[PDB]
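S.K.: Have a look at the structure that comes next, please.
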Amino acid sequence: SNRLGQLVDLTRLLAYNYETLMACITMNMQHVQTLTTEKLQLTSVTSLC
Amino acid sequence: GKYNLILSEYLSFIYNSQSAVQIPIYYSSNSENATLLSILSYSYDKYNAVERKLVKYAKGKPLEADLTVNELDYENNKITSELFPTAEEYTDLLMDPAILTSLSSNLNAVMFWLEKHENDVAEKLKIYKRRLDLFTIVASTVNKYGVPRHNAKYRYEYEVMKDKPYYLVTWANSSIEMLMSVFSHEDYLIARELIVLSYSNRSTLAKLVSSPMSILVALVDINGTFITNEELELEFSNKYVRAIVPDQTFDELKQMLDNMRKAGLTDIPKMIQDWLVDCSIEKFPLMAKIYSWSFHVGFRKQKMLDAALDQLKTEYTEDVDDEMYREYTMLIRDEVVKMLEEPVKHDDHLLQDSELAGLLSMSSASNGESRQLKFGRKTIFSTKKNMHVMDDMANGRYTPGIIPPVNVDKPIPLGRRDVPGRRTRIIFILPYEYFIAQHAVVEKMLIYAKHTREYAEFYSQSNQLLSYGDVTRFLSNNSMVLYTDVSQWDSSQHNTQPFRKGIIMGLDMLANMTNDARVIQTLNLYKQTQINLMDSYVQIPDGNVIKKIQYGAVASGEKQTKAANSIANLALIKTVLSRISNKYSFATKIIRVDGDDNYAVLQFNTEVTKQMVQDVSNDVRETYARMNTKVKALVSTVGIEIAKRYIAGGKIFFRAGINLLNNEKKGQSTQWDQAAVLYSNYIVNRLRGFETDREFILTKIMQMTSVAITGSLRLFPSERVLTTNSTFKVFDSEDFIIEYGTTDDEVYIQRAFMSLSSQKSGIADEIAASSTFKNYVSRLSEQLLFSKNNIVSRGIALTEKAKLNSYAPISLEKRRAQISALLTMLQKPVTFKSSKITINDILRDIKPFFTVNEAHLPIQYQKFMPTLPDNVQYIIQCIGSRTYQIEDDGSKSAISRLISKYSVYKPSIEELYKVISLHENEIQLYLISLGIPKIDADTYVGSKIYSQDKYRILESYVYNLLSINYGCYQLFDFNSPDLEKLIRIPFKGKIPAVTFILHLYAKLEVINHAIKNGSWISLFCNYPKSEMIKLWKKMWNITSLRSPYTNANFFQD
Amino acid sequence: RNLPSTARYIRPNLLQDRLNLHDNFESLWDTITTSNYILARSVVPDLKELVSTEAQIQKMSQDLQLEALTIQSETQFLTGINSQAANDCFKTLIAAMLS
Amino acid sequence: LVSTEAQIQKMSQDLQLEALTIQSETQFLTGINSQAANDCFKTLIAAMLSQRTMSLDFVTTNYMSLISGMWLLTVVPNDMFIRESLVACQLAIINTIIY
Amino acid sequence: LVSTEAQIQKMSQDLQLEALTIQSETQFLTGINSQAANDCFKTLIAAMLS
Amino acid sequence: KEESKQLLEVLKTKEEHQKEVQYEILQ
Amino acid sequence: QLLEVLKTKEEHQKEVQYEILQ
Amino acid sequence: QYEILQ
RNA sequence: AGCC
């Protein structure tokens, strides 16, 4: 809760690299549930915040 | 009596001539059914005794040495004239057996056995036909080059070893040790490959055979285990844990079996080959037989430069990640603040005088350099450090504040310590002021380690199922254990700069937490020993030159190296387990470090598979290698290798490699003391699965305990001299039983050994009268107390008299006078009359009141140590293994909590026992001599809490006399509910001292009856009230018989 | 993972015993409920973090006012109190009810 | 990025995992290196430009890796995670922290 | 302070501690000396001022 | 030889060490 | 001459003061 | 005589 | 005659 000026700073950047790389996308971005997933450890989300 | 029958049959064999006579000397308890003291022997024709009987066993072909199997040129078995050309350059220190028993004595001990068992029945015939096929190889090789005649001090000169191979003596010693341990056909196929191949391959034989034991303890399934609680108490849990092994371990175990076939071993890699088809615990003692037999090849004695070249030549780089070294230095810094937070804030008296704390305890330090000293008119050379202080405090050079540099100007000398089948380890030889600075602070680090879960001093008891039983308490099917073997721990890159700067940074956060001027000083001097060892040069001699090599790393032989190496592991394995958690998600159950061998139990979310074991092991030896610490990463699900103990499949297996007929250093003992080290190395190897013959051992005690006064006369002591409970004890009648004899002629001889138990030495009485010893005693009484008293100063001056018994020539003038005064009693059968209460005098009054009956007990508990002998496994399965360990240190008492706090001395439990039963004003006169102030010693005496402390010292002193916590009695539960159904003693109150010894002696007579015969008995003692009060006045005047060579018989390692 | 639409599986037939092996078959029921007793004994968890024995008998010997050195012979109150028999009783009460 | 030695000594002296009343495991601070800050940044964009579903692996004992999972669900849309892992991540939040 | 050998001797008679039985009155005298008073008087005053 | 290589083909074939083949039926 | 030898036992100091019970 | 090896 |  004390990291506020440095946690708004993630999502302004985390949603800008996603926004400016999506312009270089030619195929349709369809969204269905795939079979195999990619594992996120929540211990590494703590290491980003 | 069986030893007296082999003693009379031995002298009728080694003296075949007609001129040899034997005169037995008897004695009796009465003036006018007698036990014999010794056996005289006059023999005159003694030339060529062994070389004549060897020819009838020298058949077949001799062994031809292979000369292209070692990398070096002086490790081959070449002729000594081809190796050492002149007599001026001949180093004995590469083949020296370092035992006071020659090869011509070891060949008669086998040729005597082969004559007694020449025509036995068809079961004991196959043992004789297996020990004769091996002795043909040993005899026909020695008889080609002859038998080397030893020196007067059992070395081997140049002129007797000139035409023989160089390692002929130290190979024929270890091969006799191996062929006298063959009992089965499996033991004969191992002994034939370790005798033939050991004649040429003196470098890499003990490594190839003992290699796959770290892998084979990870394949055996667990079905029922012993576990331990959080407090160390035993529990039995019968879970089922399946062993999971990846496909790269079997591609590595196949590589270890093809390296053993290049060396020539073709029948040892057939037992591991035929065991891997089953992977069963019921055939696993075959796999620990091969690991135990491999250590009996011999020691690898080399030149000092040639064995410290791969250790002192490392590649330090700057291509490590520096982000990982900041957390490693910070985690070492956080421990030193966490250990010395409470003794610095509350200013303890032990830290306030670190100069005095190291001075009164310098008998625990290692031996320093060899330096010339002058004590009055005498000039002696000594390596003990407390003799260096007495010479430096006289000549005006004792400065403990100034700590000397160890850079290129004054390098550090180097000593070695080696183990067969491993690499060697180097030992620093530091000055005497690196012990004074690092003693009062390290002793405060080892009290925190005795209360913390992650260190090794917590699980340090006498038992072995309670210490190493926390390995298998977190084991399940979703967890794995991670034991890693760091190859070169001493000189890795994570030990030079970030380890010495993590301690220095931790002593600067403790210079702001205190307010005394002394505690800042003792924390500044312990900091000063780390800046000087930051850039340390080492000194290694070779040939003519002396090499000075830079060595900024950590070696052993320091004082902090047992408690600061345990901090650098818990900070390094905490950083690796945080880098591996980016690929997996776990929860670390336990971490436990012991020097440089550790383990860690990780608990996972899903079940452990074969892919999560291969990919965690590839993320431990790749995260360690980012920090430049190359490791052999091993992960397992069932079993590990904790330090020299192998927990495989629920059972615990030890190593049985103790060399009997060889030694690694030339010891400073006599023959009488090395005949009890040879026996006590046979009891240790018998409990761990390497069974040597008893009759070969009893022959070796015959040839070592005998002592001659003339070249024609010999004296051989009998069984009752060696077995009785005295200073001169060597062996016991039954093996694992310590017996206290109760006969009217057996207490008569034990009191006869009480006169010459204390002798005087002519060296220590001339040092104690010199001027520089009185100057050392006078300057210790100044720092110990500000006043001067005549009572404390004689109490100090007669305390450093016993400290000189650690000196090696002074401790030999006593023991050479023990045996030379015994010879006037074994020749003259009449002895002297005296009365002094021993432990046998108390048991004379208890034994006629016990009535025995037959009884039975069904088996209820199971066995966790399957290599124990058969008569000991009947006791454990009937009354149970030990659950909790009772302490005998005495520190729970209120007097040993007062001595340790207010003084730096440590008194023996034989000293606290004698003084606790006196008056009030006799405890006062003793406590002031310890360094306790008058106002504190007036408090403890005037509080009358010594009356309730009499029973806390007698409880821990009788457990030291009967040796219950040590020996082989440290496996059976004494508070078991299955021994109380056999002991039926009615209770009589108000006398606790006698009722305690009635239940501790009845518990031993039932156990000692069920090892001898294998059947249980029940006791009943209706002891009268008129005999309890007579025994009450003898429970405080009991005296013990202490020997220096027997104090090593209480611990195993 | 989420499995596809072409994933199949075989379901076991878990219907109760039609032989009634507990009715008059008493030598076949005794060896079929010893089997479920040993299997249920290797599942029930064992006790860690028990109170230590020496710190419990010394607290128990102040309430009974025993004599010194003879806490085991004066009263037979303190017999067979181990941690091996604490874990043994918790296992053999859970596994005797499940089988 | 900030120094790893600084963010660990602040976080491990506020949480104080070494002085709780649960002493059945060695609690220390895991997974706060600086190779996971880049690895979580790349996984969270690349599985969002390609519409690849993500699973969540965690441990319920560690609440610091569960409190900081609240920031994950309020930025990354919950249409991305597989539903049996999205449910089990926000059930362990309410059952142990919020409720 | 009160002299410790003259105070703990008056204290050990009022408890009437018997030399034979394990009772809860032998623990009334553990850890009373002159140094523990000078370190409890400091850590009470110095903690209140901080 | 063929005798030593056949151990490494039997030691992985037996079922007391084989576990979790069912993430590879999907792969 | 050690200090444990010189200090007399309880049974020695009980003999310098004599009295008969009956 | 001495040989320095650093 | 002495840590060979």
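Labels for the structure tokens follow display order: chains A, B, ..., residues from 1 in each chain, ligands from 1.
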Hey, what does DSSP flag as helix (DSSP H, G or I) within chain G? Can you give it to me as a list in words?

M.R.: residues 3, 4, 5, 6, 10, 11, 12 and 13 of chain G

S.K.: Write out as a ChimeraX atom specification each polymer residue whose atoms come within 8 Å of residue 70 (chain C), counting only C-alpha atoms (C1' of nucleotides); drop sequence neighbours fewer than 6 positions from it.

M.R.: /B:992,995-996

S.K.: Write the selection just made, keeping C-alpha atoms, as a PDB file, in the first residue's frame?

M.R.:
ATOM      1  CA  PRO B 992      17.258 -41.532  47.760  1.00  0.00           C
ATOM      2  CA  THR B 995      17.410 -46.457  46.129  1.00  0.00           C
ATOM      3  CA  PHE B 996      18.853 -44.845  42.988  1.00  0.00           C
TER       4      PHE B 996
END

S.K.: Residues of chain F within 9 Å of chain B, using only C-alpha atoms, as a VMD selection string?

M.R.: chain F and resid 4 7 to 8 10 to 12 16 to 20

S.K.: Which residues of chain G have any atom within 9 Å of an atom in chain B when counting only C-alpha atoms, and what is the closest pair of atoms for each, with the distance in Å to one decimal? Order the rows by chain and rising number and write it as CSV.

M.R.:
residue,atom,partner,partner_atom,distance
G:1,CA,B:798,CA,7.9
G:2,CA,B:798,CA,6.9
G:3,CA,B:795,CA,6.9
G:4,CA,B:915,CA,7.4
G:7,CA,B:922,CA,6.5
G:8,CA,B:918,CA,7.9
G:9,CA,B:918,CA,5.8
G:10,CA,B:918,CA,5.6

S.K.: For chain B, list the residues within 8 Å of chain A, counting only C-alpha atoms, and write the list as a PDB file with N, CA and C atoms, in the first residue's frame.

M.R.:
ATOM      1  N   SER B 581      13.495 -20.713  -7.038  1.00  0.00           N
ATOM      2  CA  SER B 581      12.065 -20.532  -6.856  1.00  0.00           C
ATOM      3  C   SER B 581      11.439 -19.656  -7.929  1.00  0.00           C
ATOM      4  N   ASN B 582      12.175 -19.330  -8.989  1.00  0.00           N
ATOM      5  CA  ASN B 582      11.597 -18.688 -10.158  1.00  0.00           C
ATOM      6  C   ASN B 582      11.076 -19.696 -11.167  1.00  0.00           C
ATOM      7  N   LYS B 583      11.452 -20.964 -11.026  1.00  0.00           N
ATOM      8  CA  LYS B 583      10.971 -22.030 -11.886  1.00  0.00           C
ATOM      9  C   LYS B 583       9.993 -22.962 -11.195  1.00  0.00           C
ATOM     10  N   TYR B 584      10.047 -23.062  -9.871  1.00  0.00           N
ATOM     11  CA  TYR B 584       9.162 -23.924  -9.109  1.00  0.00           C
ATOM     12  C   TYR B 584       8.602 -23.158  -7.921  1.00  0.00           C
ATOM     13  N   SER B 585       7.636 -23.773  -7.249  1.00  0.00           N
ATOM     14  CA  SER B 585       6.954 -23.168  -6.112  1.00  0.00           C
ATOM     15  C   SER B 585       6.927 -24.186  -4.988  1.00  0.00           C
TER      16      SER B 585
END

S.K.: With only C-alpha atoms as the atoms that count, which of B:262, B:541, B:578, B:346 lies nearest to residue 35 (chain E)?

M.R.: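 For residue 35 (chain E), the nearest of the candidates is B:346.
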
S.K.: If you run DSSP on the backbone here, which positions in region 406-437 of chain B get strand (DSSP E or B)? Please write them as a list in words.

M.R.: residues 412, 413, 414, 415, 416, 417, 425, 426, 427 and 428 of chain B

S.K.: Would you mind listing what lies within 12 Å of residue 2 (chain I) as JSON, numbers by chain, with only C-alpha atoms (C1' of nucleotides) counted and same-chain residues fewer than 6 positions away left out?

M.R.: {"B": [378, 379, 380, 381, 382, 763, 807, 808, 809, 810, 812, 813]}

S.K.: Include N, CA and C atoms and write out the residues we just selected as a PDB file, in the first residue's frame.

M.R.:
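File part-v5.pdb, as written:
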ATOM      1  N   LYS B 378      67.227 -25.713  31.613  1.00  0.00           N
ATOM      2  CA  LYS B 378      66.859 -26.652  30.570  1.00  0.00           C
ATOM      3  C   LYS B 378      66.495 -25.922  29.286  1.00  0.00           C
ATOM      4  N   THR B 379      66.706 -26.603  28.163  1.00  0.00           N
ATOM      5  CA  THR B 379      66.295 -26.112  26.856  1.00  0.00           C
ATOM      6  C   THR B 379      65.469 -27.197  26.189  1.00  0.00           C
ATOM      7  N   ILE B 380      64.191 -26.907  25.947  1.00  0.00           N
ATOM      8  CA  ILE B 380      63.264 -27.873  25.376  1.00  0.00           C
ATOM      9  C   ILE B 380      62.657 -27.291  24.108  1.00  0.00           C
ATOM     10  N   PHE B 381      62.227 -28.187  23.225  1.00  0.00           N
ATOM     11  CA  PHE B 381      61.505 -27.831  22.011  1.00  0.00           C
ATOM     12  C   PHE B 381      60.073 -28.329  22.150  1.00  0.00           C
ATOM     13  N   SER B 382      59.108 -27.426  22.017  1.00  0.00           N
ATOM     14  CA  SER B 382      57.713 -27.782  22.211  1.00  0.00           C
ATOM     15  C   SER B 382      56.851 -27.069  21.184  1.00  0.00           C
ATOM     16  N   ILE B 763      60.645 -34.133  34.697  1.00  0.00           N
ATOM     17  CA  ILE B 763      60.692 -32.950  33.849  1.00  0.00           C
ATOM     18  C   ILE B 763      59.764 -31.867  34.380  1.00  0.00           C
ATOM     19  N   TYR B 807      51.679 -32.017  27.565  1.00  0.00           N
ATOM     20  CA  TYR B 807      52.978 -32.083  26.913  1.00  0.00           C
ATOM     21  C   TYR B 807      53.386 -33.538  26.731  1.00  0.00           C
ATOM     22  N   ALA B 808      53.927 -33.851  25.560  1.00  0.00           N
ATOM     23  CA  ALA B 808      54.152 -35.244  25.189  1.00  0.00           C
ATOM     24  C   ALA B 808      55.307 -35.926  25.931  1.00  0.00           C
ATOM     25  N   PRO B 809      56.482 -35.310  26.167  1.00  0.00           N
ATOM     26  CA  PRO B 809      57.470 -36.012  27.003  1.00  0.00           C
ATOM     27  C   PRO B 809      57.094 -36.105  28.473  1.00  0.00           C
ATOM     28  N   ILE B 810      56.348 -35.140  29.017  1.00  0.00           N
ATOM     29  CA  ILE B 810      55.949 -35.219  30.421  1.00  0.00           C
ATOM     30  C   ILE B 810      54.916 -36.324  30.620  1.00  0.00           C
ATOM     31  N   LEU B 812      54.862 -38.982  28.953  1.00  0.00           N
ATOM     32  CA  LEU B 812      55.542 -40.256  28.765  1.00  0.00           C
ATOM     33  C   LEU B 812      56.427 -40.648  29.936  1.00  0.00           C
ATOM     34  N   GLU B 813      56.891 -39.695  30.750  1.00  0.00           N
ATOM     35  CA  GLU B 813      57.626 -40.085  31.950  1.00  0.00           C
ATOM     36  C   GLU B 813      56.709 -40.655  33.019  1.00  0.00           C
TER      37      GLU B 813
END
